[PDB]
Amino acid sequence: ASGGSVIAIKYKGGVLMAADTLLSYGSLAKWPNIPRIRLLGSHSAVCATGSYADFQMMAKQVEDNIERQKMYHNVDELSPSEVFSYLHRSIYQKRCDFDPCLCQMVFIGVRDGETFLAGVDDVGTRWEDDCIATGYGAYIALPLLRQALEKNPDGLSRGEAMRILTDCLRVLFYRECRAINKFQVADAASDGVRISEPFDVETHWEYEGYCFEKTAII
Amino acid sequence: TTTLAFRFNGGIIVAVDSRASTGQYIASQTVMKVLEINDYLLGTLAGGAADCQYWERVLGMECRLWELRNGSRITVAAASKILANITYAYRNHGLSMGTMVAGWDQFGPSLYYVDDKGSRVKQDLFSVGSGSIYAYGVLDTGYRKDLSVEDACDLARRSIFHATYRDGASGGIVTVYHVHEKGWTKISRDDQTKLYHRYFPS
Amino acid sequence: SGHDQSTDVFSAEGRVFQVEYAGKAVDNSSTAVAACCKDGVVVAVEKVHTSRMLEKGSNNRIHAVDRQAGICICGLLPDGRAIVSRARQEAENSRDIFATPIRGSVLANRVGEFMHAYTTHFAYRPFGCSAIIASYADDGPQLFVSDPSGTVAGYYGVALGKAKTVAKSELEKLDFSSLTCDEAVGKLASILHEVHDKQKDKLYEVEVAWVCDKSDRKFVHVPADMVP
Amino acid sequence: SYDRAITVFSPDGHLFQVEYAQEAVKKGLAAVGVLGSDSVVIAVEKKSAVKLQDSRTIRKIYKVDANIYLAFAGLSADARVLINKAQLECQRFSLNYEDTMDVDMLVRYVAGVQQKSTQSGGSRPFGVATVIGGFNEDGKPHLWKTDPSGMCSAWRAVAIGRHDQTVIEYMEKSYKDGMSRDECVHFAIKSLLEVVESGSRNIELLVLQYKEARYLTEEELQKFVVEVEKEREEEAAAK
Amino acid sequence: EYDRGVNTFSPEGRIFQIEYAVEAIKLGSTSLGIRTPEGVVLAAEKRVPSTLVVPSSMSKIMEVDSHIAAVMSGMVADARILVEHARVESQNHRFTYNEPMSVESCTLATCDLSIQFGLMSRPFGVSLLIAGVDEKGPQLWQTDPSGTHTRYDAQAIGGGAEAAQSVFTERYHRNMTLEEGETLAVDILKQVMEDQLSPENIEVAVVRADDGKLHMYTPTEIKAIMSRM
Amino acid sequence: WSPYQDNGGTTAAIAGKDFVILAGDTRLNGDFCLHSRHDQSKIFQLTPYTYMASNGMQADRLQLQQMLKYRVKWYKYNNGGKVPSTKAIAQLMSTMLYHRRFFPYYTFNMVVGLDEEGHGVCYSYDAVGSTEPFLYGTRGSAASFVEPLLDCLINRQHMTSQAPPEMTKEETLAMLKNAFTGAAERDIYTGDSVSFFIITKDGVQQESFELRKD
Amino acid sequence: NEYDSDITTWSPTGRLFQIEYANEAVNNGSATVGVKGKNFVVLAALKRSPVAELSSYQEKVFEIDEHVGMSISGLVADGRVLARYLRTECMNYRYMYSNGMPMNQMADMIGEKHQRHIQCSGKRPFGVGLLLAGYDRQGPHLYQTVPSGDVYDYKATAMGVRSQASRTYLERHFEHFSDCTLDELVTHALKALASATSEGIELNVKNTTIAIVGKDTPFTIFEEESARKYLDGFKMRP
Amino acid sequence: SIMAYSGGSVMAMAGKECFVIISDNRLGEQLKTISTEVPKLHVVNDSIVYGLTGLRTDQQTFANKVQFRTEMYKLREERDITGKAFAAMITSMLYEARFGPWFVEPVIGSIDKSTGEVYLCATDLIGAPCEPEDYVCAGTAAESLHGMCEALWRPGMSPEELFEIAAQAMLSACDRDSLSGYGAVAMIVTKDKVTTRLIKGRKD
Amino acid sequence: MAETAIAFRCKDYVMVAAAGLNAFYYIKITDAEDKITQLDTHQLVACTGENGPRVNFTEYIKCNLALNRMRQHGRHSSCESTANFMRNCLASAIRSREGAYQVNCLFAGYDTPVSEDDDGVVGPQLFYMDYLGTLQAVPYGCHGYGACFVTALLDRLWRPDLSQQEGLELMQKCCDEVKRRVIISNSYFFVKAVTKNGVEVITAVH
Ligand SMILES: O=C(Nc1ccc(F)c(-c2ccn3c(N4CCOCC4)cnc3n2)c1)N1CCCC1
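Going down the list, the protein sequences come from chains A, B, C, D, E, F, G, H and I.
Going by our numbering, the residue at position 174 of the first sequence is 174; the numbering climbs one at a time, nothing skipped.
The number in our numbering is simply the position in the second sequence, starting from 1, with 1000 added.
The number in our numbering is simply the position in the third sequence, starting from 1, with 2000 added.
The number in our numbering is simply the position in the fourth sequence, starting from 1, with 3000 added.
The number in our numbering is simply the position in the fifth sequence, starting from 1, with 4000 added.
The number in our numbering is simply the position in the sixth sequence, starting from 1, with 5000 added.
The number in our numbering is simply the position in the seventh sequence, starting from 1, with 6000 added.
The number in our numbering is simply the position in the eighth sequence, starting from 1, with 7000 added.
The number in our numbering is simply the position in the ninth sequence, starting from 1, with 8000 added.
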């Protein structure tokens, strides 16, 4: 059971992360109603491309670590950065044991103003950026998200950041095979992370060049 | 790599090139391939530069611990054995390291070759590395026991030079050492292109 | 002389003197008091401060074991914290392995089994604390007390420490079918203020915690406004 | 396993268990070492010729390696275990470094093993003092003593076992530095005779020279003992 | 006795076995250190049991490395274990960091072995003065049986340690010449040690600040010190 | 599934008589895409005077960095506050890389800093810790471009002309700015920016510098 | 007393004597003092005072991480054992989370580690007291650890010999420490410490360590040139 | 094959109140013949004789291990081990090595001294006992021995008759095997007596 | 296989030859490395493989034999005993993590009566041993590429009753036949013999 692509982008005063609500089992689209974005404590969310099982285990290990530390010792909850640091070290330890967490997480968080967005690979590669994607999001969505950040160098508004996410989801739907047109968007702002009710995106299929007569081989 | 040592009446000459080459790309032209284990003992590194550097440095530590514990310098026999015991322990751990331990102990000059497979050969003459096949041709033809120290260094230096000229993996600076009763002295350190114009003036 | 040196040895009378002596450590400790209501459960413990210069929340005798459960330690605090650490290890095994909040009755028996283990072997000594386990898992509001022996018992209400006897007289005045957690915080704290020796232990505060419907069945310290 | 602390300090700073292992050595049969110019002589007393002990010759001076021989004093059983340990260490050393292990190297090993027994939980000390003689491969003669504490010192002449201190106080009066193979043997027997019974039959003695270990025959020996006991009569007349 | 365990405190807060291992050192031969800016001097009464002992063999001062020497007092056999460890750690440091181990780091590593007793039945009945030269300059450290390590300017351990501290109080200053330090080291050993002081009767060593190297003084060289006094 | 991934990028250092300039491009490339243009993980301060640059796999560079940071922290504690020399850290790096030679760090390291005498130095490593002190160094995707150029312009061994004076901090920086600009143009895995660190007795002075963004 | 030999033996009155005895190790240790203000914690420790022209040094104050350090009293060997543990644990934490171990969490770890030693027969209680001083998100923390495994979050405290005199001084002034500057805190830390000195001896750089940690200030130990700023111009007047 | 490396075949054969066990004499390394005087039979006691085929190292190691076990038995039990117990013991030892086996295929002939009932047991290398009424064989010539022994063997044969057909079997089968021959040592075990015979064969 | 070892046993000596060749790929490191290690006064082993195993094996046997003498108060173990000790050591190794010792041995010895009471074998003993741990008593035997050449030649010319002199002549023919026929240059053979008197190093034959 595999998650498809995840895409995330920083906006002025938060981070949006989006993901199809679909677990595939090879070619098969097994479950189109899976909440792939998971909240980690009060500030952070995480979503993974790749083994749902490895994600389920890692996400469990992380979310316990956060709640335990907070509840056992009268300390401030781990920051996004610190939760992500834990996730990264955990994943790298697994690749050093040749028992890898065979999934590429995207990780968002917001403590105060401090807005965190980062990716981590199966092998413990980690990178912060103003936009992250995993899966086909990296090949399809990133180019577009990066262009939207280059055009708006001061920073995106929530609306502009949502418009560009939505346009990236549309393309992922067209071009990623193992996708559905049902998404959720995590929005990390000051208050914390909200996950949207699942939505679809309008899709254009009626180009005159897609007509039966043109696309015919003979 | 090219790396040769030989025993003669004046003691032991050790001569080496300077090039670390991953077959095609020359990593370095300035690798020190004679490790100075103590004041009376020399290692040579050939093969895996890391493997030799690491295990000769360990050997150097065991040789120094020996001198502290027993209050006398280790013998070449024992030092060569320590290294042969390491390489034999690691014989199917894919070490790559051809080595010569050359020294002067209580029992006069001793030269030993020590392989990655735990081989430990005691002879009067060796060359080790990709350019051995070249060094040996010059070295075997010019080698006598009765050489002067001057003529023994000349032979060694020429033998390394002729390996550097022909082996792709061998080159750089032709360093020569002399092991004698008083220890070792670094005789000469000559660039092998300067040596070409010395040996073939035209 | 040899009958009482280790907890691995029964006396002729058939009792384990080292566990009785560990129990003496609790009966000489600061008074703790607790109440199990319909709404939830409440724990109040007097902390005798040795120094005027401690921070507020120093030597907290009450610790969250899980979301739904907390251990108040009457006795040697350090020993108590080893039990809290184990109670936690059990609470997190329940969630890790069985995907359920540990039930109060289960958590208590697990704490009792642990404390008992240390009464059986020559190499270890009995714990110097009675744990008061308050929980509000799926078995409802539960109050248990594991003592040094490992003997677990469920309570409606329970007093431990040097004012155990007098604090119990005052807990018997409460009706347990009727009272709410919001009343109890008041009455349990009031009891601890009443039974306290003013001339012996000048510096003290009353740490109260609960786990009730009010707190979202989450085991927390009660705010400072309710405490008096 | 059983790792109770057996060797422990007492109020006065004494390790009683090591002091008692040394009480075991004082009760043990006297052994003697004498270093010469070209010779090491080790002389030991035997319990004395009982008609029943096998006529076949058992040597009370044990061979650790070709170069190295040791006499001991104390518990026969414990000493056998040290000697088997030493014997193994000399061979473990030839395996790991082509060279034969020097006497001083082995002595330190044996003394280390004796120290470990005074600090290992679960074990009493070895109730054994040791006299280890031999020649390094270079040709230098070495005579060493190891006591149960695990402390080892090289000597010009040494005694262990019963009346060790009587023999040592006697030896350091008469001992001369450069000594012939014959003078060493003479001196060793003369020294042993200070404490051992007048009898010649109890003494058994080994003469180490570079690459040449030889025990004196009881014929060779009784010549030296007659020559020595007539010299001990000369010293009795003087006093 | 065995009634008190090894790991037992006294009512006055001292571990007994440690307090008794310290009583074992006051029986031992006197050793001492003098840290001078020119270098650090270790001296040691040998306390040879007999004339017949080869005095070189029972060496109270031991080379730990080119630049660090240890002098022991108390149980010699034990010290050999500690100094063996110092040597292994010193050479591991050289191996790993291509540099001489600091004297403090070498003291700390020697005291790492001295904590682990319950593995070992008892503490080491030895106190060690470890004197060397590193970047910090010439330094003198003392290890105890406890595992405590204390840097000193001058310190004496063993029999007349108490009588020698009295002489240091009077005579030691921080701007001594190595020559005066050697003179003092031997002047004390003469007063303190039971036997009459000979060139063979005592061991002297110095690590000189200038070359950073250890020299064990030969009997000839110790006579040269006694000659100027 | 390989445990190894090459995340590209080049590092280069050049020692002068009083300083090292250490430089490493900032692009972190994944498999057939690029993850970040702003990855600063390539260069890592160990001590005020000593930096490690590190190419190949990022995840291993990040582990190795922390493994060294904690060996260096231990050294501070065990050696009474004293920070280890560049030379000590260079041997430590050889030793730590070799201890992993049966599952090696996919990381081509340099250790770069001032030596005992204040003179700059670069230890370049292989996978398993073979190193030597040198006055320049390069590791990473464009090392094969930059190393010959540094040989040419510093050692001048095939030049009859008299060797230029010494090469100041600003000339040395300029030489590296040029070398990276070239590597960025021709190596497909080097680009975006170069972080320059200019280690001196006084302190590390660091400045970014833009490359071809493509 | 047949109950004071083993750690595993409760007395009949419900005391653990081997813990009460390990506590005496701390009370005979040399005095250290801790005071915490709004943004800073100041440890001040008495070292041993040079006898004539003859110095001793013994590491009694330890940096543990950027944001934490220690002052020990009692068995310095056991202080070193805790120092190593806390350093190891603080490194592990910072490796995992890329941020300093929170001080409340660290206080719990030492407590736990002490307790492992007060129950098993094989082990013995640590004969050392710590003054942990640290800074995190929740601000400055000063903990006094003790052999019993108890850990006291303190506004100010002293430890070691004649420390009841230091705690007396601190009790007069501790209410004003959240209002104090860093230089007033250090004055208070020293004025407290100087109450603990014997008969006629005064504080000075050669016989007093000072360590500070707080907001934007990593844990620093001042000896010699650094300490003189606080200690050259310091006198204790009634 | 590791089993065919050393060469050698063994065969045992039940008669009336007797058995014949017969090994060839060749020891090899593949096709080079090291010795022509290496019979593969071992005498546990009066009543039991076994052969080991397979890798010569393992024949020698396994035979030693068995000689240890059968001598220990003799001391502890204060009696000779019986054929059945000996065969059971040998399967136990071979199956102890199921994963990493001894390259040996033991052939055990035995006879109960009282009853006179014969027990043969061939075993594969992991202990699987094969306990037939007639004959067992193992080793390089085993395919060819099965043919000879099937043809020549009858039930109630006297020792002398039995020897002849076992010799003719072993020799004829060895003449069709590169890796076995140089004659044979046979051993005719009865209640009363144990004959041993060196048999003249080819030099081939 | 490169390095040929030859041995044969007559009435009153065992003769052992072994090729001097130590090689690295195709490079003769030396033509004169002594493969024939004396284990005791009357026992030796022509051992042939790479130097690493050959030495580590032979030294291990030699040291355990010497240790067994030290513990057995100078009692010289029989040849059957050390042959079996050696084969058990080789055989143990083929089922170890280390792997087999890749060494082929000819273990030669002269058993002398070790006391008045010794009823055991008197005279020369020769044991062929494969790397696997195959032990076989033989009158003669060979390891190496030259093995089968010399084995046939000895089948032809070996008698049990040859003189020490007829043995030198025969050992020369054997060595010469290896040089003539094996492509690996075995140009120098160390030849030793074990007699009642002990090991003697034969220099005539090479
Ligand atoms: O040559 C060796 N002995 C010996 C033993 C172990 C060895 F690892 C290597 C050896 C191995 C890789 N070598 C290289 N390589 C080749 C391939 O191209 C890149 C560079 C260069 N040099 C080398 N030498 C040499 N001997 C010759 C006769 C005496 C022993």
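Even for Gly, the Cβ is constructed at its ideal location relative to N, Cα and C.
- In the structure shown, residue 1093/B falls within a coil segment according to DSSP collapsed to helix, strand and coil.
- Put simply, the backbone Cα of residue 3009/D is about 37 Å away from that of residue 3175/D.
- Residue 8201/I sits exposed, since fewer than 16 C-beta atoms from the chains shown fall within 10 Å of its C-beta.
- For residue 1026/B, the CB contacts under 7 Å within the same chain, skipping 5 residues up- and downstream, are 1019 in chain order.
- For residue 5087/F, the C-beta contacts it makes with chain E under 9 Å involve 4097, 4098, 4099, in order along the chain.
- The stretch 8095-8106 of chain I and the stretch 7179-7194 of chain H do not touch, with fewer than three beta-carbon pairs separated by less than 8 Å.
- Residues of chain E whose Cβ lies closer than 7 Å to the Cβ of residue 3012/D are, in chain order, 4023.
- For residue 2027/C, the enclosing alpha helix (DSSP H) stretches over residues 2017-2027.
- From the listed residues 3040/D, 3076/D, 3189/D, the smallest Cα separation to residue 3223/D is found for 3189/D.
- Within 10 angstroms of the beta-carbon of residue 3028/D lie 16 or more other beta-carbons, which makes it buried.
- Annotation: residue 7038/H to residue 7010/H spans about 12 Å, alpha carbon to alpha carbon.
- Under the Cβ criterion of 8 Å, residue 2081/C is not counted among the residues facing chain A.
- Cα atoms of residue 3105/D and residue 1197/B: separation of roughly 54 Å, rounded to the nearest angstrom.
- Counting only Cβ-Cβ distances below 8 Å, residue 3007/D has contacts in chain E at 4121, 4122, in chain order.
- Secondary structure at residue 2196/C: coil, using DSSP grouped into helix, strand and coil.
- If you check each beta-carbon in the stretch 3091-3102 of chain D against every beta-carbon of chain I, the ones closer than 7 Å belong to 3091, 3094, 3095.
- Contact residues of the stretch 1064-1095 of chain B toward chain D are 1066, 1069, 1070, 1071, 1072, 1074, 1075, 1077, 1078, 1079, 1080, 1081, 1082, 1085 (C-beta to C-beta distance below 9 Å).
- With fewer than 16 neighbouring CB atoms inside 10 Å of its own CB, residue 6013/G falls in the exposed class.
- When secondary structure is reduced to three states using DSSP, residue 6085/G falls in the helix class.
- Of 1097/B, 1136/B, 1089/B, the smallest CA-CA separation from residue 1114/B is found for 1097/B.
- For residue 4063/E, the chain B residues whose Cβ falls inside 7 Å of its Cβ are 1068, in order along the chain.
- The beta carbon of residue 2066/C sits closer than 7 Å to those of 2091, 2101, 2102, all from its chain and outside the five residues before and after it, given in chain order.
- The beta carbon of residue 2064/C falls within 8 Å of a beta carbon belonging to chain A, placing the residue at that interface.
- For a Cβ distance threshold of 8 Å, residue set 6095 of chain G lies close to residue 5066/F, ordered along the chain.
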